[PDB]
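For reference, query06.txt (compact mmCIF, C-alpha atoms):
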```txt
# COMPACT_ATOMS: atom_id res chain seq x y z
CA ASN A 5 -18.17 189.38 144.13
CA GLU A 6 -14.96 189.77 146.11
CA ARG A 7 -12.78 187.77 143.79
CA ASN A 8 -13.68 190.26 141.10
CA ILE A 9 -12.17 193.01 143.22
CA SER A 10 -9.05 190.86 143.48
CA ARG A 11 -8.99 190.34 139.69
CA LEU A 12 -9.34 194.09 139.11
CA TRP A 13 -6.60 194.88 141.63
CA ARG A 14 -4.32 192.41 139.79
CA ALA A 15 -5.22 193.89 136.36
CA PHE A 16 -4.36 197.27 137.89
CA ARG A 17 -0.94 195.97 138.98
CA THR A 18 -0.22 194.63 135.49
CA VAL A 19 -1.10 197.93 133.84
CA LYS A 20 1.30 199.72 136.20
CA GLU A 21 4.06 197.19 135.42
CA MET A 22 3.46 197.63 131.67
CA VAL A 23 3.74 201.40 132.02
CA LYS A 24 6.84 201.06 134.18
CA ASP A 25 8.39 198.62 131.67
CA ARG A 26 7.69 201.07 128.82
CA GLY A 27 9.88 203.56 130.65
CA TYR A 28 7.44 205.83 132.46
CA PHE A 29 7.76 206.81 136.09
CA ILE A 30 5.85 204.53 138.46
CA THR A 31 7.36 203.40 141.77
CA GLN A 32 7.70 199.68 142.47
CA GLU A 33 6.05 200.39 145.80
CA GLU A 34 3.04 201.61 143.81
CA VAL A 35 3.15 198.59 141.50
CA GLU A 36 3.01 196.48 144.66
CA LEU A 37 0.07 198.33 146.27
CA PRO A 38 -1.52 195.98 148.88
CA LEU A 39 -5.12 194.74 148.31
CA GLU A 40 -6.38 196.38 151.50
CA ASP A 41 -4.92 199.72 150.43
CA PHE A 42 -6.55 199.29 147.02
CA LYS A 43 -9.95 198.79 148.69
CA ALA A 44 -9.38 201.71 151.01
CA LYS A 45 -8.71 204.12 148.13
CA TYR A 46 -10.39 202.88 144.97
CA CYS A 47 -13.58 201.34 146.39
CA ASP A 48 -16.54 203.37 147.70
CA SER A 49 -17.98 203.42 151.24
CA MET A 50 -19.91 200.22 150.47
CA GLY A 51 -16.75 198.44 149.27
CA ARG A 52 -17.46 198.49 145.53
CA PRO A 53 -14.77 199.33 142.94
CA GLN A 54 -14.95 202.74 141.31
CA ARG A 55 -12.77 202.52 138.21
CA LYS A 56 -13.14 206.30 137.66
CA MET A 57 -10.85 206.70 140.68
CA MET A 58 -8.18 204.40 139.12
CA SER A 59 -7.41 206.26 135.84
CA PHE A 60 -4.00 207.99 135.87
CA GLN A 61 -1.32 209.90 133.97
CA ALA A 62 2.36 208.94 133.66
CA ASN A 63 5.44 210.87 132.52
CA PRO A 64 8.81 209.51 131.24
CA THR A 65 11.54 208.89 133.80
CA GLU A 66 14.56 211.19 133.70
CA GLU A 67 16.56 208.34 132.18
CA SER A 68 13.88 207.78 129.53
CA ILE A 69 13.52 211.41 128.47
CA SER A 70 17.27 211.76 127.81
CA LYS A 71 17.24 208.72 125.48
CA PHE A 72 13.82 209.47 123.94
CA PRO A 73 13.57 213.31 123.57
CA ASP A 74 10.20 213.11 121.85
CA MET A 75 8.61 210.76 124.39
CA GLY A 76 5.45 212.29 125.80
CA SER A 77 2.85 211.75 128.51
CA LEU A 78 0.57 208.73 128.78
CA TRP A 79 -3.02 208.38 130.08
CA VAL A 80 -4.52 205.11 131.40
CA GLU A 81 -8.31 204.90 131.48
CA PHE A 82 -10.29 202.11 133.15
CA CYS A 83 -13.68 202.35 131.44
CA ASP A 84 -16.60 202.16 133.83
CA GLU A 85 -18.96 201.08 131.03
CA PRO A 86 -18.93 197.24 130.52
CA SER A 87 -19.66 197.46 126.82
CA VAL A 88 -18.04 200.62 125.43
CA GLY A 89 -20.19 202.66 123.06
CA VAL A 90 -19.22 205.33 120.53
CA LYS A 91 -20.08 208.21 122.88
CA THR A 92 -18.00 206.86 125.78
CA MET A 93 -14.99 206.36 123.48
CA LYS A 94 -15.34 209.87 122.02
CA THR A 95 -15.19 211.49 125.44
CA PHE A 96 -12.01 209.50 126.16
CA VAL A 97 -10.51 210.58 122.80
CA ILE A 98 -11.43 214.20 123.58
CA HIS A 99 -9.52 213.95 126.88
CA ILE A 100 -6.38 212.52 125.23
CA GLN A 101 -6.33 215.28 122.62
CA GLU A 102 -7.12 218.28 124.82
CA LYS A 103 -4.75 217.29 127.61
CA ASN A 104 -2.05 216.65 124.99
CA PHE A 105 -1.34 213.01 125.89
CA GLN A 106 0.80 211.14 123.38
CA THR A 107 -0.50 207.70 124.34
CA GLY A 108 -3.86 206.64 125.74
CA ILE A 109 -4.19 203.20 127.29
CA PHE A 110 -7.85 202.20 127.16
CA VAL A 111 -8.83 199.31 129.44
CA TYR A 112 -12.33 197.90 128.99
CA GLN A 113 -14.36 195.18 130.73
CA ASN A 114 -16.34 193.22 128.17
CA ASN A 115 -16.23 194.76 124.66
CA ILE A 116 -15.97 197.88 122.49
CA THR A 117 -18.57 198.88 119.87
CA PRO A 118 -17.58 198.69 116.18
CA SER A 119 -18.46 202.35 115.88
CA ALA A 120 -16.39 203.08 118.99
CA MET A 121 -13.46 201.18 117.49
CA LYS A 122 -13.55 203.44 114.43
CA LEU A 123 -12.35 206.22 116.77
CA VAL A 124 -9.05 204.64 117.86
CA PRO A 125 -6.92 206.16 115.07
CA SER A 126 -8.87 209.44 114.82
CA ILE A 127 -6.46 211.83 116.53
CA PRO A 128 -2.92 211.61 115.11
CA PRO A 129 -0.12 211.99 116.19
CA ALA A 130 -1.55 210.48 119.38
CA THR A 131 -2.07 206.73 119.57
CA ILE A 132 -4.75 204.82 121.48
CA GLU A 133 -4.32 201.22 122.58
CA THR A 134 -7.07 198.95 123.93
CA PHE A 135 -6.74 196.14 126.49
CA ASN A 136 -9.35 193.74 127.95
CA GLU A 137 -9.32 193.55 131.77
CA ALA A 138 -9.39 189.74 131.71
CA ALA A 139 -6.12 189.68 129.74
CA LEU A 140 -4.40 191.92 132.29
CA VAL A 141 -5.03 189.78 135.40
CA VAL A 142 -1.80 187.92 134.66
CA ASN A 143 1.20 189.76 133.15
CA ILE A 144 2.11 187.58 130.15
CA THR A 145 5.68 188.93 130.14
CA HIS A 146 6.32 187.54 133.66
CA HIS A 147 6.60 183.95 132.35
CA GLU A 148 9.98 182.31 132.94
CA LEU A 149 10.40 181.46 129.26
CA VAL A 150 9.60 184.96 127.98
CA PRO A 151 12.84 186.96 127.82
CA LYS A 152 13.27 190.62 128.75
CA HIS A 153 12.44 192.97 125.87
CA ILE A 154 13.96 196.49 126.06
CA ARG A 155 13.36 199.25 123.50
CA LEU A 156 16.53 200.92 122.16
CA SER A 157 16.89 204.65 121.63
CA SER A 158 17.53 206.02 118.15
CA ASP A 159 21.14 206.55 119.20
CA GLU A 160 21.48 202.92 120.41
CA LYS A 161 19.91 201.65 117.18
CA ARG A 162 22.27 203.69 115.03
CA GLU A 163 25.21 202.42 117.10
CA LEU A 164 23.99 198.84 116.62
CA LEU A 165 23.63 199.14 112.87
CA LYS A 166 27.05 200.77 112.61
CA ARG A 167 28.78 198.18 114.80
CA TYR A 168 27.56 195.21 112.69
CA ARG A 169 27.60 196.71 109.19
CA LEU A 170 23.88 196.29 108.62
CA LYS A 171 20.89 198.15 107.25
CA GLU A 172 17.79 198.17 109.45
CA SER A 173 16.06 196.06 106.81
CA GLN A 174 18.54 193.20 107.52
CA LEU A 175 17.79 192.82 111.24
CA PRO A 176 15.65 189.97 112.64
CA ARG A 177 12.04 191.13 112.83
CA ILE A 178 9.15 191.22 115.26
CA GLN A 179 5.60 191.55 114.04
CA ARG A 180 3.59 194.60 115.12
CA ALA A 181 0.86 192.36 116.56
CA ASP A 182 3.35 190.17 118.47
CA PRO A 183 2.03 189.81 122.08
CA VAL A 184 5.20 191.33 123.60
CA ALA A 185 5.32 194.12 120.99
CA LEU A 186 1.71 195.01 121.93
CA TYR A 187 2.62 194.99 125.62
CA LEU A 188 5.37 197.60 125.08
CA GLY A 189 3.41 199.52 122.45
CA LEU A 190 6.17 199.10 119.81
CA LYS A 191 6.02 201.03 116.55
CA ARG A 192 7.37 200.28 113.05
CA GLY A 193 11.14 200.89 113.01
CA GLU A 194 11.79 200.51 116.73
CA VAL A 195 14.31 197.89 117.84
CA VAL A 196 14.19 195.75 120.98
CA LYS A 197 17.10 194.20 122.80
CA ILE A 198 16.17 190.67 123.95
CA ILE A 199 17.77 189.14 127.04
CA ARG A 200 17.04 185.51 127.89
CA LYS A 201 16.31 185.13 131.57
CA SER A 202 18.84 182.28 131.71
CA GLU A 203 21.73 184.67 130.91
CA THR A 204 23.21 186.94 133.61
CA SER A 205 24.40 189.92 131.56
CA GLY A 206 22.87 192.27 129.03
CA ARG A 207 25.78 191.33 126.77
CA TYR A 208 25.18 189.37 123.50
CA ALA A 209 21.43 189.77 123.62
CA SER A 210 19.42 189.43 120.45
CA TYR A 211 17.86 192.35 118.49
CA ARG A 212 14.61 192.48 116.49
CA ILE A 213 13.14 195.38 114.51
CA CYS A 214 9.37 196.00 114.62
CA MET A 215 7.27 195.82 111.49
```

As structure tokens - that is how I would like this structure written.
Amino acid sequence: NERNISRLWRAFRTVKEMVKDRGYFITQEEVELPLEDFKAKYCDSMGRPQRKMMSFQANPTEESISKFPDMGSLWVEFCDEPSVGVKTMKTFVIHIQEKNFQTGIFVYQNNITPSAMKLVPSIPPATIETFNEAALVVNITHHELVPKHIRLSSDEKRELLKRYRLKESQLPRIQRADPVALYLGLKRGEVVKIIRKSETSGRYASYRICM
């Protein structure tokens, strides 16, 4: 019961990296928060993790808001209830809506009730995404053979389609449920620039449109 603190601290780091990679403001120094510091701030006087102290909000960076004018705020919740029931989910949904968050990242420990799951798409235009803690211990996008995926702005996409005489329907595709698409929270119509980690320039990358 000490290696579970370490696993949580690592899941925490991955969530921060995911949010940073999506274009929200999180410092790398924060992403790299030392284990001791984590214990000192997010664990109680007896040394036990209090996930309710970990939840946080994130806003777009200045560079992101200029490219994505309609990009809103994001809320990350680490559920303190192992198996998430309908009532626990509803209170999370209520928070997202009332505080006007555009995206809600819902991290859970073991599972989420079927009834609870029925609430994920209940508050448009906001979207809620769910992630299992065990899957966040290691950042799947940090693998050497997984290239860098970067979402293009509407302007960039238009410029791409114009430069190559193509309709968006003629671009290589990426499935909505693709593991990297899920990581970035991609939506139908968005395009990602793909840069192999073996190449040393963002030039000639590949492009895929989300389904």

Do you know which residues are at most 8 Å from residue 110 in chain A counting only C-alpha atoms, after dropping those on the same chain fewer than 4 positions away, and could you put them as a compact mmCIF listing (two decimals) with C-alpha atoms, in the coordinates of the input?
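Written out: around-v2.txt:
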```txt
# COMPACT_ATOMS: atom_id res chain seq x y z
CA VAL A 80 -4.52 205.11 131.40
CA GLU A 81 -8.31 204.90 131.48
CA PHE A 82 -10.29 202.11 133.15
CA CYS A 83 -13.68 202.35 131.44
CA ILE A 132 -4.75 204.82 121.48
CA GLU A 133 -4.32 201.22 122.58
CA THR A 134 -7.07 198.95 123.93
CA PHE A 135 -6.74 196.14 126.49
```

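Minimum atom-to-atom distance to residue 76 in chain A, evaluated using all atoms listed in the file, belongs to A:130 out of A:39, A:209, A:130, A:44.
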
Exercise. Out of A:61, A:136, A:70, A:119, which residue has the shortest atom-to-atom distance to residue 106 in chain A when counting all atoms listed in the file?
Worked result: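 Between A:61, A:136, A:70, A:119, the residue approaching residue 106 in chain A most closely is A:61.
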
Exercise. In terms of the shortest atom-to-atom distance over all atoms listed in the file, which of A:157, A:26, A:147, A:152 is closest to residue 74 in chain A?
Worked result: A:157

Exercise. Within 9 Å of (7.7, 196.3, 121.7), only C-alpha atoms: residues as a list in words?
Worked result: residues 26, 153, 154, 155, 178, 180, 182, 183, 184, 185, 186, 187, 188, 189, 190, 191, 194, 195, 196 and 214 of chain A

Saved selection, atoms kept: C-alpha atoms, as an mmCIF file, in the coordinates of the input:
```
data_model
loop_
_atom_site.group_PDB
_atom_site.id
_atom_site.type_symbol
_atom_site.label_atom_id
_atom_site.label_comp_id
_atom_site.auth_asym_id
_atom_site.auth_seq_id
_atom_site.Cartn_x
_atom_site.Cartn_y
_atom_site.Cartn_z
ATOM 1 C CA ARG A 26 7.690 201.070 128.820
ATOM 2 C CA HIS A 153 12.440 192.970 125.870
ATOM 3 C CA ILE A 154 13.960 196.490 126.060
ATOM 4 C CA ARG A 155 13.360 199.250 123.500
ATOM 5 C CA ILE A 178 9.150 191.220 115.260
ATOM 6 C CA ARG A 180 3.590 194.600 115.120
ATOM 7 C CA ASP A 182 3.350 190.170 118.470
ATOM 8 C CA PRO A 183 2.030 189.810 122.080
ATOM 9 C CA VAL A 184 5.200 191.330 123.600
ATOM 10 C CA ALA A 185 5.320 194.120 120.990
ATOM 11 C CA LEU A 186 1.710 195.010 121.930
ATOM 12 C CA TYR A 187 2.620 194.990 125.620
ATOM 13 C CA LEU A 188 5.370 197.600 125.080
ATOM 14 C CA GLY A 189 3.410 199.520 122.450
ATOM 15 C CA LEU A 190 6.170 199.100 119.810
ATOM 16 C CA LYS A 191 6.020 201.030 116.550
ATOM 17 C CA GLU A 194 11.790 200.510 116.730
ATOM 18 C CA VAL A 195 14.310 197.890 117.840
ATOM 19 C CA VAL A 196 14.190 195.750 120.980
ATOM 20 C CA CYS A 214 9.370 196.000 114.620
#
```

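Using only C-alpha atoms, the contacts of range 90-97 of chain A at a cut-off of 9 Å, with sequence neighbours closer than 4 positions omitted, comprise residues 81, 83, 85, 101, 102, 108, 110, 116, 117, 118, 119, 120, 121, 122, 123, 124, 126, 127 and 132 of chain A.
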
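Picture a line from CA of residue 172 in chain A to CA of residue 71 in chain A; it runs 19.2 Å.
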
For this session: Select, from A:207, A:17, A:197, A:103, the residue with the minimum atom-to-atom distance to residue 176 in chain A, counting only C-alpha atoms.
Result: A:197

Exercise. Could you name the residues that touch residue 137 in chain A at 7 Å or less, counting all atoms listed in the file, but leaving out those on the same chain fewer than 4 positions away, as a ChimeraX atom specification?
Worked result: /A:15,111-113,141

For this session: Go through A:165, A:199, A:156, A:100 one by one, measure the shortest atom-to-atom distance of each to residue 68 in chain A using only C-alpha atoms, and give the residue with the smallest value.
Result: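 Looking at the shortest contact to residue 68 in chain A, the residue is A:156.
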
For this session: Could you tell me how far CA of residue 198 in chain A lies from CA of residue 64 in chain A, in Å and to one decimal?
Result: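 Calculated distance between CA of residue 198 in chain A and CA of residue 64 in chain A is 21.5 Å.
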
Exercise. When you draw a straight line from CA of residue 142 in chain A to CA of residue 40 in chain A, how long is it in Å?
Worked result: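 So the answer is 19.4 Å.
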
Problem set entry | Nearby residues (only C-alpha atoms) at most 10 Å from range 45-53 of chain A, same-chain spacing under 6 positions excluded, as a list in words |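 The contact residues come out as residues 5, 6, 8, 9, 12, 13 and 84 of chain A.
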
Exercise. Restricting the calculation to only C-alpha atoms, which member of A:73, A:115, A:60, A:177 is positioned closest to residue 86 in chain A?
Worked result: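 Going through A:73, A:115, A:60, A:177 one by one, the smallest distance to residue 86 in chain A is for A:115.
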